[PDB]
Amino acid sequence: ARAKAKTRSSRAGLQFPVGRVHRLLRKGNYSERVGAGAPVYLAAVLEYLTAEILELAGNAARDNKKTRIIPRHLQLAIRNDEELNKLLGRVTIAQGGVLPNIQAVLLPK
Amino acid sequence: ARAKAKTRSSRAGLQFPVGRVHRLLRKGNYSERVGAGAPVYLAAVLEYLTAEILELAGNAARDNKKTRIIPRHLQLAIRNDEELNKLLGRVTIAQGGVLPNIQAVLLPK
Amino acid sequence: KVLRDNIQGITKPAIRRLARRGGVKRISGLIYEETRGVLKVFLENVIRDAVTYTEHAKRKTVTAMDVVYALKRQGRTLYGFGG
Amino acid sequence: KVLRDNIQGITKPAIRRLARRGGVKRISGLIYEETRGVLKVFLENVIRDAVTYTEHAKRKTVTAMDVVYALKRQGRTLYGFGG
Amino acid sequence: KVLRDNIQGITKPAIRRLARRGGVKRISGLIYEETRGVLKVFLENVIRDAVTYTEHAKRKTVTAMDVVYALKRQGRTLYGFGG
Amino acid sequence: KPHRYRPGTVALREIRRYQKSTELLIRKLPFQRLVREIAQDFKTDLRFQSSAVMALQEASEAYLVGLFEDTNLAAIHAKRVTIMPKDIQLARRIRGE
Amino acid sequence: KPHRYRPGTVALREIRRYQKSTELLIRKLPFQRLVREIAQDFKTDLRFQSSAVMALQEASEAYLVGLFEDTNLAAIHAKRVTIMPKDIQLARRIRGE
Amino acid sequence: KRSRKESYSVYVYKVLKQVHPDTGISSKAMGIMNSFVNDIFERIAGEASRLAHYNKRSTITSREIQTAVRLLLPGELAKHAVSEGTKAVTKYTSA
Amino acid sequence: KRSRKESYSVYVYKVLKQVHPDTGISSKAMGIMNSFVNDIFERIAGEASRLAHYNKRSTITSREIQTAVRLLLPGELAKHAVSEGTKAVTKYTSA
Amino acid sequence: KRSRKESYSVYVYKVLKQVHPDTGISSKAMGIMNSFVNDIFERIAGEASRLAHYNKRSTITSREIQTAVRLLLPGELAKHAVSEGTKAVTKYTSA
DNA sequence: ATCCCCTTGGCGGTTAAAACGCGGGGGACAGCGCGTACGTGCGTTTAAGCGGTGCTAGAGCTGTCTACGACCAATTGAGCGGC
DNA sequence: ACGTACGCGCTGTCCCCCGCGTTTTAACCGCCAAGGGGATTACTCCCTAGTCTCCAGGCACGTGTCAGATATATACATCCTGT
């Protein structure tokens, strides 16, 4: 007579797990007790960041007329965005290379 | 003996009423059948519209440092946006006046 | 009870202030009377339509809903009175 | 396969005949490019509406029916092909 | 109660003394403006963080403990105020 | 001598003052008299709600100020700053009435 | 001397003859190519009825006729017999785009 | 005795407080938002009815309004609206 | 079979199917996304632990992560994140 | 065979022979006239719907459509149409 | 699931479509004043605005009833398809 | 009533465009293969309208209270004036 197992992520209306995020908060040893708003809130901010960066990744791929996302598109997508750059200044992307950022005086006249 | 009441707006995570728009599409007499996703789709669309315009109106109210929204704030909000201008070109706003629009030749010198 | 000359009820300074809101700097003298006339014909259309709405309703008082409704069927919808 | 310029297929003399229908008697050279531009804008809007119809029709060939439907929505209702 | 422009209260000779501790021989007159600007930027970051700490704690008075927490977060750890 | 501004800058002051304002520039009482007069021209002994008079007042307000911004466009078309009523006849024709 | 007509007379003859004309004024095949071109700008490998090519042809030419009759109204308002692009631009602005 | 007149009161108030908690409301602005939501609703509803007539479907689904919002709503506004409705209907079918 | 190496696989594909139905995913880009989610989760969880010790709190609920988002994510993303997180926690309270 | 595809060809031909027995008709002109019939019919039907819902009328009667004719049809065309329709409905009620 | 048809795909001849150069020749337009005409600065007045009072018209809601009209099975006929 | 400012008439003056006119070329015409999709038809499932019952959010009402409506005194913007 138990209720149907319905997901907490859909209770959030979201896709990143309340379950996995709550589990890595509990077993990441960050506090003795963890409030219920904590994993849904943090899954929400990860889903916002993920949706934003894959939006920019998809636009970067279609700008290069290509279909499948590549870390070149990801690295391009990160350092077009100022607040993403301020978020990820000290992080290096695998196989991403460097976006073309050429200083002006070394360019020919 | 009975399931507890949950509104369709809470099921979709919207706060425009899904049932009200469904009723008003039934009694707006637009088709004899309406798909179930149609009114929640429309309510979400108006949610995006009202959220967009209330961002704009609240920001304009902060820009004229007034706490309460006024139709002047609304009329600045619509008329300072291009796609809302196309959406409401033929719309009259009560006490909204006109957007500040001076032509270049009307200026002195 | 009868009124004769309310075209001049919309005064010349009222017309000048109207054109101030529309961003007109200079308003020539021929403008006021024919703008009274075009305001007249605009209200002839709008009021004829709205009064036709009222007499459809078997009502005797013109309502603001019919004014905005006769506006809206002319592609001139107004916001702020129950539309 | 793909095509990169058929906007110029609506040619300069063809635009000249079109403005001859409108009564335009002298046409400077600067008009024609903007006429093809606004031709692209209008037909882009119409075909956006039309392909949105057509994809909603779950078909792959455009008919004139959704064409006159889109001309109805945009406000330039066409006689001759309805029904 | 409210203030407008106390940012010059950090005077120019205060900046000169700071650069003397920083070992700058010659300080241009252009320098003092961006020193005030970057000082505004850094304090804006630090006080944003500190206000967020205090508003988390449901208080209305900023403690130096929250200040040194903000200096822990931003990577300028300071010693000597009960951190 | 009393101070006098040049012809035009008082008009532009009125401009700027009135797009910063929102107030309905038409006097209430003669507008109500006019709407009763035009309505009496068609159908008799006809009463108006005050809300109807006011709503029609911003309606007519916006209609004419749209017509004046359009005729300002017609005037800067015509290399002019003083509009003349053929601008309004043009605007009526090309709007389609 | 070979015979030559004055400018505008051939233009006005074209005016009279093609207000008299009722047929389509554009070459059919490049218009078909252009609507296919704009179609593959939107959806891939898309097909058209020939009647749809006719319909967009006649709608396009009539819509352009509307823009140009507005252009004559604007140009005679601008006191010009030679139109400029700003006439068409202002007509698009007033028409409610 | 009074008859209740329906409006869009609490919904516009809640969405404003969700987007701006510290911004207030005037009642004439509230009437403007009432007329806005009514106007855009009737635009979409009439366009949907015309589509149902046009494709001879006796129904208006989510797909009809999907079509209708690239019809009336422009571009990025339309695509954001399509995305909002798509996630909304996936949450609705999940509930 | 081998032991399961847990990841964020199906989640990144479904969020992409929400945001871009037609584009594809490479394994390198997917590893980048896994390491991104690992990094951001680690930063926010560590700062939540910091606020737990700092206010002598054994409890970490959404309020401390709202504090942490206001700390770490700058400005526009911060208030955006607070908005959809508040919507998420409200739908959590409404189940 | 084919399904019967409906058009107003015969009745416009009937009124054509009624008012000009000696004249002819073309296929393009007949398509124009069918589009005209459809256009005017849908305009009047739409205005009749609006009058029905503004008065909360569940039906559109001769009063409703008559009013809609005064709205749509201008001036002397309107009153002549009123005269024709009034004569027609009096003949109809005379059976 | 199919079928069959109008579009798609490909092919050959031609002359108008166009197209570009020459050359005439029609055109926009600044500008320099001039005519004049509102723009603006006041004073005057008077009627709109504001406040208060009595009337009641009809707006709008409630009850009654009945006038009116979609549905449906059926019969048929006049317009749709086709030549 | 004073008065600056705008509308503009005309006319040179560069100046761009219309029109004639031969040439070139690709649509027009007219002509065949065909197949894919428009369009039609059988099926059975997806879907939604609609009643009874029950509850719960949303609007009328009241009110009371602080953001705003109103009021008063300087500073600067501006806009004319003076050297």
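Please treat every number below as a calculation from the coordinates, not as lab data. With ideal geometry, Cβ positions are generated from the backbone for all residues, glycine too; neighbour counts draw on all protein chains shown.
Our note on the geometry: Cα centres of region A:1-49 and region J:1-58, 62 Å apart.
Pairs of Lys residues in chain J are counted when their Cα atoms are under 23 angstrom apart and they lie 8 or more places apart or on different chains; the count is 10. Amide H contacts of B:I93: C:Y79, each under 5 Å away and 5 or more positions distant or on a separate chain (H built 1.01 Å from N in the peptide plane; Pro and chain starts excluded). Taking Cα atoms only, the orientation of helix I:76-93 departs from the longest principal axis of chain I by about 90 degrees. For chain J, the Stokes-Einstein estimate of translational diffusion at 10 °C and a viscosity of 1.306 mPa s comes to 101 µm²/s, using the Kirkwood hydrodynamic radius over alpha-carbon pairs.
Averaged over the residues of E:20-33, the number of partner chain Cβ atoms lying within 10 Å of the residue Cβ comes to 0. A cut-off of 5 Å between modelled amide H atoms, ignoring neighbours fewer than 5 places along the same chain, links H:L73 with no other residue. Across q = 0.05, 0.06, 0.07, 0.10 Å⁻¹, the protein assembly as shown modelled as identical point scatterers on its alpha-carbon atoms has Debye log10 I(q)/I(0) values of -0.40, -0.58, -0.79, -1.44, in the order of the q list. Taking a quarter of the surface of the Cα convex hull of chain G gives a mean projected area of 9.5 nm².
For A:63-74, what's the mean count of beta carbons from other chains sitting within 10 Å of each residue's beta carbon?
Details: counts 0, 0, 0, 2, 3, 5, 12, 6, 7, 3, 3, 6.
Average neighbour count from other chains, rounded to a whole number: 4.
Its Cα centre serving as origin, chain F has a Cβ charge dipole (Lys and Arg +1, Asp and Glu -1) of approximately 620 debye. For the rotational copy pair A/B, the chain A residue whose Cβ lies nearest the symmetry axis, together with its distance in Å, is A:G13, 2. Qualifying trypsin sites (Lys or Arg not before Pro) in region F:30-97, where qualification requires a DSSP coil assignment and no more than 12 other C-beta atoms within 10 Å, comprise F:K79. Between the alpha-carbon centres of region D:17-36 and region F:48-86 there is a gap of 31 Å.
If contacts are Cα pairs under 8 angstrom and at least 6 residues apart, what is the relative contact order of chain F in percent? Before the final figure, lay out the partial values.
Numbers: 32 pairs, mean separation 18.7, N = 97.
With pairs under 8 Å counted, the relative contact order is 19 percent.
Using C-alpha pairs under 8 Å with a sequence gap of at least 6, the mean separation divided by the residue count of chain H gives a relative contact order of 17 percent. Relative to the longest principal axis of the Cα atoms of chain C, the long axis of helix C:12-21 lies at roughly 80 degrees.
Partner chain Cβ atoms within 10 Å, averaged over the residues of B:11-24 - can you pull that number for me?
5
Converting phi to 3J(HN,Hα) with the Karplus coefficients 6.51, -1.76 and 1.60 and the offset θ = phi - 60°, region H:39-50 yields 5, 5, 4, 5, 4, 5, 5, x, 5, 5, 4, 5 Hz in sequence order, with x at every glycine or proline.
In nanometres and ascending order, the distances from the C:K1 label point to those of the other copies are 6.1, 8.2 (point 7 Å from Cα along Cα→Cβ).
Non-local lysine pairs in region D:1-79, meaning eight or more places apart or on different chains, with alpha-carbon distances under 25 Å, amount to 10. Once backbone amide H atoms are built at 1.01 Å from N, H:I25 has B:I69 as its partners under 5 Å, excluding neighbours fewer than 5 places away on the same chain.
Only helical runs count toward this figure. For chain I, summing -39,500 (n - 2.57) over DSSP H runs of n ≥ 4 and dividing by all residues gives -23500 deg cm²/dmol at 222 nm. Ordering D:22-29, A:10-17 by mean Cβ neighbour count within 10 Å, with the highest value first, yields A:10-17, D:22-29.
Annotation for region F:1-31: trypsin sites (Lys or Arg not before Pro) lying in DSSP loop with at most 12 further Cβ atoms inside 10 Å of their Cβ are F:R4.
How large is the Kirkwood hydrodynamic radius of chain A, counting all unique pairs of alpha carbons, in Å? Mind showing how you got there, number by number?
Details: mean 1/r = 0.0589 Å⁻¹.
Computed over chain A, the radius equals 17.0 Å.
Taking K and R as +1 and D and E as -1, what net charge do the other residues with C-beta under 13 Å from the C-beta of B:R23 add up to? Please list the in-between numbers first.
On the way: positive: B:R8, B:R20, B:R26, B:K27; negative: H:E6.
That works out to +3.
Annotation for region A:25-108: trypsin sites (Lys or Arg not before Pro) lying in DSSP loop with at most 10 further Cβ atoms inside 10 Å of their Cβ are A:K27, A:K65, A:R90. Between the C-alpha center of region B:57-94 and that of region C:48-83 there is a gap of 25 Å.
Rounded to the nearest 500, what is chain A's calculated 222 nm mean residue ellipticity when only DSSP H runs of at least 4 contribute -39500 (n - 2.57) each, over all residues? Don't skip to the answer; put the middle values down first.
Values: 5 runs with 54 residues, N = 109.
Computed ellipticity for chain A at 222 nm equals -15000 deg cm²/dmol.
For region B:57-109, taking the reciprocal of the average inverse distance between every pair of different Cα atoms yields a Kirkwood hydrodynamic radius of 12.2 Å. Against the main long axis of the alpha-carbon atoms of chain G, helix G:85-95 sits at an angle near 60°.
For the rotation carrying G onto F, the chain G residue whose Cβ lies nearest the axis, with the distance in whole Å, reads G:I94, 2.
Between H:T59 and J:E6, the simple label model (points 7 Å from Cα in the Cβ direction) yields a spacing of 2.4 nm.
Between this copy and the others, label points of C:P13 are 6.1, 6.5 nm apart in ascending order, each placed 7 angstrom from Cα in the Cβ direction. Within chain C, the percentage of alpha carbon pairs spaced more than 22 angstrom apart rounds to 42%.
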